[PDB]
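Only one chain is shown below, in structure tokens, and it's the form deposited in one PDB entry.
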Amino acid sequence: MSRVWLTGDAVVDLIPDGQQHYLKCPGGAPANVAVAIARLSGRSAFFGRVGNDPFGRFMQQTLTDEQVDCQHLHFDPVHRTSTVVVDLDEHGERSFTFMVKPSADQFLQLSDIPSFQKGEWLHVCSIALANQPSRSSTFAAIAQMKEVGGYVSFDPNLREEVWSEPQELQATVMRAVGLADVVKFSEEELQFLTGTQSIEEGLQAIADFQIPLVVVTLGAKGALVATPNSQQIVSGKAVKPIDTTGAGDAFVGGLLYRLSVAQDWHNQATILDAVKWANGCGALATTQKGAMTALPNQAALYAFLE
């Protein structure tokens, strides 16, 4: 069972629950992925910075509770933990307002990067690339994982408002796309990043990247899986979402859990099965408010997939 490293932003998502209240929900895409993997009995570890504040300590506690290795989660001395307000009438990027800019995670330093080993995974989202020093630190982490013979997963997970220089987003994100073994886009993100109007055109636009595995999520319709000379839609049972927050991260968690335990993750059968798990995780994640709340264990996932 290969270790999956997650890095980036652990955040508190404030999610409406009644007209005058927010639920205090643990979140942050790479933290969500870490917990998704752990819930499936995988080996996940998180490195990054939160703030020395109650929200940062709450995220440390959450990762601890969830059996995610968080020895390399540090408290920044000055900056605050990311705090995000969710609007449930919107979906994805449009649903979030980032109250802390730049939050502690944006100050990831080179010395925060842990030792990597051959065969490990590193998963990254674009918020880690939004501002310096995290951007350069995260690119260094990617280069180090590649050098040691590990694998790199990237989910742009675009949140434009976090970028102090939003005009840098497209190029910076595409630089990371070019480094990854696995890239997951939503349909909308693929089109945005490539300036195209369809998935077909978006996939053609990234062909010269020779990305080993691209997955494009299609909401209730599942996911398009693109590997060399092959495209295939993989879909499971559609559900009516209660909260879509983090469904994409649950998806990545199932995907990477299955790739991480595979003898040879490049194998087409392994990939398609991993995407079946991913779709089931994404569906189940939507059944409760909070990105992490309904991240399934294997008993729940197997029951749903049957």
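So that the term is clear: the rigid core is the largest set of C-alpha atoms that superpose within 1.5 Å between two forms. Heads up: residue numbers just count along the shown sequence, starting at 1.
Just so you know, the form deposited in another entry exists too; it's not on screen, but the next bit is about it.
Problem set entry | Only residue that shifts (Cα, 2 Å or more, rigid core superposed) between the shown form and the other one, among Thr97, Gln117, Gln71, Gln204 | Single residue meeting the criterion: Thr97.
Problem set entry | Rigid core superposed: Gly195 CA moves 2 Å or more between the shown form and the other one | After core superposition, the C-alpha of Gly195 moves 2 Å or more between the shown form and the other one.
Exercise. Would you say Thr244 moves its Cα by 2 Å or more between the shown form and the other one, aligning on the core?
Worked result: Superposed on the core, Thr244 moves its C-alpha 2 Å or more between the shown form and the other one.
For this session: Look at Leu88 and decide if its Cα position differs by 2 Å or more between the shown form and the other one after superposing on the rigid core.
Result: Yes, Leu88 moves 2 Å or more.
Problem set entry | Sense of the change in Cα distance from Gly92 to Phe75 in the other form - at least 3 Å versus the shown form | Residues separate in the other form, at least 3 Å farther apart.
Exercise. Do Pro166 and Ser95 have their C-alpha atoms closer or farther apart in the other form than here, with the shift being 3 angstroms or more?
Worked result: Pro166 and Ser95 sit farther apart in the other form.
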